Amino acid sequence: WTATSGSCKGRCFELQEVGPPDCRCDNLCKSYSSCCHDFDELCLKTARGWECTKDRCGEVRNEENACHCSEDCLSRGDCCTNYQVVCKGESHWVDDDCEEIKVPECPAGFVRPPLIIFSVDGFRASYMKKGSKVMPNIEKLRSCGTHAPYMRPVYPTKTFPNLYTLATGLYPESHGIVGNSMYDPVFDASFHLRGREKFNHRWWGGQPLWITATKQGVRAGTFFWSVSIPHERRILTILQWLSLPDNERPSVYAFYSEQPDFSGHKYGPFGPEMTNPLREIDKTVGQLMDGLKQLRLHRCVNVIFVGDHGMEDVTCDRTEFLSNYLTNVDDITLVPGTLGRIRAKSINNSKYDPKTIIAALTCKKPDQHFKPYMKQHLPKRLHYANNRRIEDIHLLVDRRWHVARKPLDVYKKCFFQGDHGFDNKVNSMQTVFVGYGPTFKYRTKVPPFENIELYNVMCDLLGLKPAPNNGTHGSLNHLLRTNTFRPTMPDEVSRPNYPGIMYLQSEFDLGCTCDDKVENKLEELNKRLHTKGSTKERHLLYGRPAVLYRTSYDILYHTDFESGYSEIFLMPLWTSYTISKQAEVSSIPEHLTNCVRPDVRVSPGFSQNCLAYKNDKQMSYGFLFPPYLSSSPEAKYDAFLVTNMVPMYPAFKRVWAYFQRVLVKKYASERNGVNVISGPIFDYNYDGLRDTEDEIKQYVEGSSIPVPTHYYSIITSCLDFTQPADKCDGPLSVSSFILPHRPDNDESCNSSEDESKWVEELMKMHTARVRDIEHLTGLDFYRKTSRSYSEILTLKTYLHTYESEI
């Protein structure tokens, strides 16, 4: 109960919340039905509207008015935003030339430039260009400030997961808001867009910007705004707050608009009805900037204009129904729409089996517009598994489509023409970023980046130490005039061994065989040099990766490749090699088909053996450096060493062989040479982090050879492709992947066809950031370049999406 007998007089939009004194006056009391009786009268005044008029100029103060045009309004800080324009002959901010803001120009007593985050729901990246004619204030922020062509949201591309990612720098799986609708089995509680439960503190993990600020002595305005408070009032409140005394004034503020998302849902992303919402948003930005200009704060405040996600065309007729696939449809619960999450309707149902469900949903229709996954098999780049609120069974839905449980759910819930929530690499889901102010750069375009990076930057903008998060701090230094964060490269934890020839052939009883025993001082001194590392400068272009955890490993040198070989995991952690544009593909000779050779630098006890592979009817083996790309017939023997071998399912060998035999050479030709680092990944607990030895759930039968969950490759070349990969003077170009190591190709519906028809599509889906691979391997790449460390960090966060231009 709320005894709302108290008063909001002098308390409107109070920053500090109240419990004991019964009545509340903050922009959140509406959501609790706990506002003072006089809240509306005192705090939501509307009289005379939102703009000054010529006749209102100089008027006597009338406290009933929504905003003021009297002479005293400026010092009081409550003028209508157009006051100086209408009454004092000033120009609107949008009509002023832009001028570089080299330094904050703030009133006396401002300790730091304030930050205002202007966030817009459903603001698709392409609106910046397509709506540019009707959005002059936003176009000025964009062209005069720092802007990306687009910003990548997190999956799912829903409002709460994204806004809370912006606030925390965390993947949804870590912050816990993994959808707009959620069931937590530990609390036995449901989170819904509508209602009370979403306000419970237990849903919201990590440390959002406002708590980071408060704990470090920096005051914050409220982030959440009640839906019925009009945008003009939201603006005027922020402007009022900015006029508070030094000791009370917040340094960080948030505005939120329900538009253009609200209209996009009803009309689609480019419905003709979409022009007006874009116009209204721009008008709100104008009121803010005019308002700042009035307060002499328009060259003081840093302003971020940011979206949560974009918007796609989706209509009722484009719905797949699980009732068309399952006979058991009433035994499951589905979280429906632009993603699917399935669990058992009842945890008492012993007959429920996720395996039969997955099978019944796999490639059953010609043009199936969703694909089923166990969550740990979803593309690693989505970081969407490590939370008990994410159901084991997930459906990735094609863009433009919906999944539902049965037709009644869709016609007894066509209204909507737009939706969002799809895979975060989908172009229509891309959103916006503009930064404008003394701390951002002037007239600067930056490459697209992910929204997980912004928390760190907002901390930099406010002088805060960020809480631990999923951004890569420093990777956005190129957005900033000053306040850059300059990290040091992490220290290597394990130094490598450099073994020479220590074992005789006969010491190895591995059950391996090779027709290699066919016999010169010219080329024998030459091969010893290669084994000492004489070609290493060619195949290790960016220095060796640092191992950031305690382990035992060897560096192994060869003519065509170098590797860091793990004595603990009995395989390389990484294998590095350069393939030039002129390089040639050769076949595996007949006498070498099933050849595996003991490596005389590495003990039998730290080697794989062929007998385990023979015994394991499910498991076969592949090579990290591809024999097909050896530089000569003599060098090819190196690719058959037991230390270059890794466990592979025959189904995965089809993918891997096509990558190695076909695609590497294709990249080398397209990119003017490529450097490749490949290796295994072990993530059995699907937390996105390197497993320790005691977390491994599968070994090659009868052995201690651990089975990877994934294979990565990092493919680097010169950004200026007129320069060969191995002779590059400037910035680099990278694409990488994390392929799931699976015993079937059920993921690829076209897989009974030639690899040329399905493998590259699989790899595109499993595209990855170098940073994703770092977390997963405990390695740190690009240690020795001539490039700035921040530039390298940006490169490590790059994701090659394979979407056409936005």
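One-based numbering along the sequence shown. By rigid core we mean the largest C-alpha set that fits within 1.5 Å across both forms.
Between 29-37 and 768-776, the larger mean CA deviation from the shown form in 6 other deposited structures of this protein, after core superposition, belongs to 29-37. A chain break between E519 and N520 is present, corresponding to 1 to 3 residues of the deposited sequence without coordinates.
Unmodelled deposited residues between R486 and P487: none, per the record. Higher mean CA temperature factor, per the PDB entry, when comparing 610-618 with 73-81: 73-81. Two stretches are in play, 575-583 and 82-90, and the higher mean C-alpha B-factor belongs to 82-90. Each of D554, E524, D392, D683 has a CA temperature factor in the record; the biggest one is found at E524. The residue among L779, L762, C67, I738 whose C-alpha atom has the highest B-factor in the PDB entry is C67.
Looking at the C-alpha B-factors along this chain, the one for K796 belongs to the lowest third. In this PDB entry, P626 carries a Cα temperature factor that places it within the middle third of its chain's modelled residues. Split the chain's modelled residues into thirds by C-alpha temperature factor. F721 is in the highest one. Per the PDB record, residue ranking by Cα B-factor puts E590 in the highest third of the chain. In the PDB entry, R544 places in the middle third of its chain by CA B-factor.
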